[PDB]
Amino acid sequence: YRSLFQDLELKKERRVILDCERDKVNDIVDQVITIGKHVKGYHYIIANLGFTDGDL
Amino acid sequence: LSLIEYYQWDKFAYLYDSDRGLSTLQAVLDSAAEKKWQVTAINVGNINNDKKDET
């Protein structure tokens, strides 16, 4: 993941649409927390019906 | 991908049938991320043969 989001930094992406399973959503959000890219200036879109179901 | 690197391309269309699988698509996109490529993939293969001309 850290290798992955670093790659996003080269494009300096501020905008990402995740499309993953309830569990993968959790792990991804967690890693985003650890790398801290949940700060203002980023944005996300969770492509599933479980958006409320997720532990946001 | 090697052939791609040989021409040192940066932008290209990528027409594809679904039938052989999308693995090549996943691959070319994968290399596209690191190489700053601008892929334009399109699924030509779903088109009906009844009017395979207009599309």
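Look above for the structure.
Moving on to the overall build of chain B. The helix and strand inventory of chain B stands at two helices and two strands. Listing each helix as α and each strand as β along chain B from the N terminus yields α-β-α-β. What you see for chain B is a C-alpha radius of gyration of 13 Å, clearly larger than the 10 Å of a compact globule of 55 residues, by over 25%. Referenced to the eigenvectors of the C-alpha coordinate spread, the extents of chain B come out at roughly 40 × 20 × 15 Å. A burial count over chain B gives 16% of its 55 residues as buried.

Residue and element names in this part refer to chain B. Located in the positive-phi region is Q8, a residue other than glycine, with phi close to 50°. With respect to the helices and strands, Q8 occurs in the loop between helix 1 (2–7) and strand 1 (11–16). Phi angles above zero are rare outside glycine, and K36 is one such case at about 60°. As for its placement among the helices and strands, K36 is situated in the loop between helix 2 (23–34) and strand 2 (38–43).

Further remarks concern the packing of aromatic side chains. Residue and element names in this part refer to chain B. The tally for this structure, following the rule as stated, stands at five aromatic pairs over all chains. With a centroid separation of 5.2 Å and 90° between ring planes, the pair formed by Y6 and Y7 is classed as edge-to-face. We classify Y7 as partly exposed; its relative accessible area is 48%. Pairing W9 with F12 gives two aromatic rings, centres 6.5 Å apart and planes at 40°, and the pair type is tilted. Relative accessible area serves as the criterion here: at 47%, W9 is assigned to the partly exposed category. For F12, a relative accessible area of 13% puts it in the buried group.

About the cut-offs
Residues numbered from 1 in each chain as written, not as in the entry; some residues may be left out. Chains lettered and ligands numbered in written order. Part of a larger assembly, values for the part shown. Heavy atoms only, no water. Helix = DSSP H or I, 4+ residues; strand = E, 2+ residues; numbered from the N terminus. Rg over C-alpha atoms; globule rule 2.2 N^0.38 Å. Buried < 20%, exposed > 50% of the residue type's maximum accessible area, 1.4 Å probe, protein only. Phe/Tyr/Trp six-rings, centres within 6.5 Å; stacked < 30°, edge-to-face > 60°.

Everything listed is a geometric property; what it means functionally is a separate question.
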